[PDB]
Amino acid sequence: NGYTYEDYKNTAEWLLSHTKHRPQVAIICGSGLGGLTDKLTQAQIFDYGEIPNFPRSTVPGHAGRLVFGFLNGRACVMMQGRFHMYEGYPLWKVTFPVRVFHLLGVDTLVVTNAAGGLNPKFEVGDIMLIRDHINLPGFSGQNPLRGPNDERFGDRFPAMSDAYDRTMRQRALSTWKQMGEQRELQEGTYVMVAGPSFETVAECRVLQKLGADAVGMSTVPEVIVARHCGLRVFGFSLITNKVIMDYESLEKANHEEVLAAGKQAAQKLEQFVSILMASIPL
């Protein structure tokens, strides 16, 4: 980890210096929450590059931007653009933003993400509340707390059995009925895999047998350092596809079908998140 506490403080302070927005809720926007920044009243945009010590993607395609504003009368900081293991970032860079959020005094993290369905009852376009995760990289050493622990963030050995807030999740089932959606809001376990290649069938069978309902390539490191900092955490996945679980199928997973499911669910997801701000305790 090439970041000191002084580095985190510098970034927090610089942002406090450069905006009057004091946010309570951080949202990391995954697949098809691109345009959720269009619903922030009183939006102030930073490009990651301007923000100090802030990782910037080398890849030309994505210019990640941090946006401060109000959503449904909640002070929010949104991340449009995320860092993934598969891109080559170490986890002390992937999760750098969360430690800054805390130093802004944000108390709640919303995390969204795409995922393949491993639970057969799941369908494309479905939304799965993250109740638990399986951190497969963490088992092997790839945990974002690996290294010296700073008491000023949290304990050396934080628990995670409770990472995903029970209350937020109930209050999210309620909001669904109010949305009057045709399809029931799902609840399940998200397994993180590093990727970037899609799963084999033997691999998909391993993940289903380990007890995973969805597989994606993000979120878990962010949840772990959020819980390490004492943040309340709520997250869901967009079920972008059904993980091919048999050799008889003649169908390959693909990024296009993930972009598609993401453009298709944008409106629904943007709505659900903004109504949800109301159920976020102040």
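Note that residue numbering begins at 1 and tracks the sequence as displayed.
Enquirer: Mind pulling up the entry and telling me whether 133-141 or 170-178 has the higher mean Cα temperature factor?
Expert: Higher mean C-alpha B-factor in the PDB entry: 170-178.
Enquirer: Tell me which stretch has the larger mean Cα B-factor in this entry, 250-258 or 215-223.
Expert: The recorded data point to 250-258.
Enquirer: Reading the B-factor column of the entry, which of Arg183, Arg146, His84, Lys93 has the highest value at its C-alpha atom?
Expert: Each of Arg183, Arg146, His84, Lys93 was compared by C-alpha B-factor; the highest is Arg183.
Enquirer: For the C-alpha B-factor as written in the entry, point me to the maximum among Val233, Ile239, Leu33, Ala26.
Expert: Among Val233, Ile239, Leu33, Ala26, the PDB entry lists the largest C-alpha B-factor for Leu33.
Enquirer: For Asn119, does the deposited CA B-factor place it in the lowest, middle or highest third of the chain?
Expert: Ranked within chain, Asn119 CA B lands in the highest tercile.
Enquirer: Tell me, lowest, middle or highest third: where does the Cα B factor of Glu151 rank within its chain?
Expert: Its C-alpha B-factor belongs to the highest third of this chain's values.
Enquirer: Place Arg65 in the lowest, middle or highest third of its chain's C-alpha B-factors, as listed in the PDB entry.
Expert: Answer is middle: the recorded C-alpha B-factor places it there.
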